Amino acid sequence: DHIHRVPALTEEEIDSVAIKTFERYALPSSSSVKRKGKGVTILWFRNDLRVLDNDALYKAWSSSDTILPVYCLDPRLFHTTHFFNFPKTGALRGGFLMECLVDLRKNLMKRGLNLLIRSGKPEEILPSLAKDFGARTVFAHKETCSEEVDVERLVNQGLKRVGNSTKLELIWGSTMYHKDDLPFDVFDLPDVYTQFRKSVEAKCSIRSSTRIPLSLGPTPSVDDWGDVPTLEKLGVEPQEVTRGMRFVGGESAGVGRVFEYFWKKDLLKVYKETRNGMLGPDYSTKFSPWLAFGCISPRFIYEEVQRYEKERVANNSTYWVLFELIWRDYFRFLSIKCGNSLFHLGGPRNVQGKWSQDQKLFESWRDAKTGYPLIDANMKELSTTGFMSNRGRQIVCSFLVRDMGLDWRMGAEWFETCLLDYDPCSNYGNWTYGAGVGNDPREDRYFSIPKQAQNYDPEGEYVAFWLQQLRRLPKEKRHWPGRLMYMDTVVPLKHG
């Protein structure tokens, strides 16, 4: 078949939906906020590429009279992964990022601002801009993992080294439940998801999304706002989606997908019954890439769900989308409690010894040549589109770790290279769980390829779509085609 744009909306539809959505959440009046004499501030964007429900943007605006929005294309983002040195950012996510930047500049311009784009390290670019424009502060969202917090440290020290006079203000964001509202400090986050969930749902409230004014200007006088970099300048060979889902970067496209899934298609009311699907855009929200880049936020999604429940229907599916967003919150907070044990072979559980790093075995998994259609189709979906269904990710993870016996980080780093929605907290969090090195032993499980195939792809419709040489075969053969109609198997399945 062809490439399915996600969202499937036309460029005009995306623009009108974005306008209506921005309109719906616009700040009624800026009456009560005085900006006179507050000076210049720099807003440093990272993975919060949106205008809507952006607390850093709001705080920057309300504490200044002029804002200089900046995005730094950090050279380290295009180097290599930590342990196995795969590309740090694969071509597909890189392409999605560029679309996100183009859209952010466009949306900032609509509110009277613009986005200064520079290529280089934030700790070198920001202190320089702060001095040049006499900014009193640099606002940004707080991140949680080692690499990102190290950059925060370098930027903070860079600003001090040019004087006091300039402060880095990090704002908590990204989560549906706010860190400050939790019924426990993250150091004491429950190691069992169910307990974390029951606690926040019983003792916490979700904050309303932050309303942003329609007028946010002016910016300082800038001679060159910068071109959006090209992947080629960054040393990445562009790659386009040849088949399947083609996700469209940017906040505009993101709110367009929320509109598309919830309202236009009215699929939210059946979400829970379909979320284990693997084929097509319809089986789940597909919000992950926009959430990862911060093109959309969970507080916004929650308010849309509330409106849906009021106007259309409230049931187990409308609630389940929130259940899943809580999983995202959980791994984000867990990243703080775990620190770098999140990336260590033994994981947070600080487990065992073992594991092979057999390059040949790994490559067969990576290149979709394991000989098992269920596995191969998923790995091909990933390298072709930068996305994989949640069901598929759990399965390929179990296969790599349990059937192939490989160092789980090889799989985690490959996902890091390929996923449009790559998020360290969620990626490594879910990998530690699947690998059995997280701190909830009740989640340690082996996925039977035959059973999974039977339960989630009975007609072999999914593997057939991705592995066209199986399309002619009847089911039964689709999943056990044999070595001639398909290919040899690289390893026996660990469980009979």
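The numbering used is simple: start at 1 and walk along the sequence shown.
Looking at mean Cα B-factors across 137-145 and 225-233, the upper value is held by 225-233. When the two stretches 158-166 and 286-294 are set side by side, the higher mean Cα temperature factor goes to 158-166. Residue-level inspection of the entry shows that, of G392, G254, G94, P348, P348 has the top Cα B-factor. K360: CA B factor lies in the highest third for its chain, per the PDB record.
Ranked against the other modelled residues of its chain, the C-alpha B-factor of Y433 as given in the entry falls in the middle third. Per the PDB record, residue ranking by Cα B-factor puts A130 in the middle third of the chain. In this PDB entry, the Cα temperature factor of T41 sits in the middle third of its chain's modelled residues. Annotation for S174: CA B-factor lies in the highest third of the chain's modelled residues.
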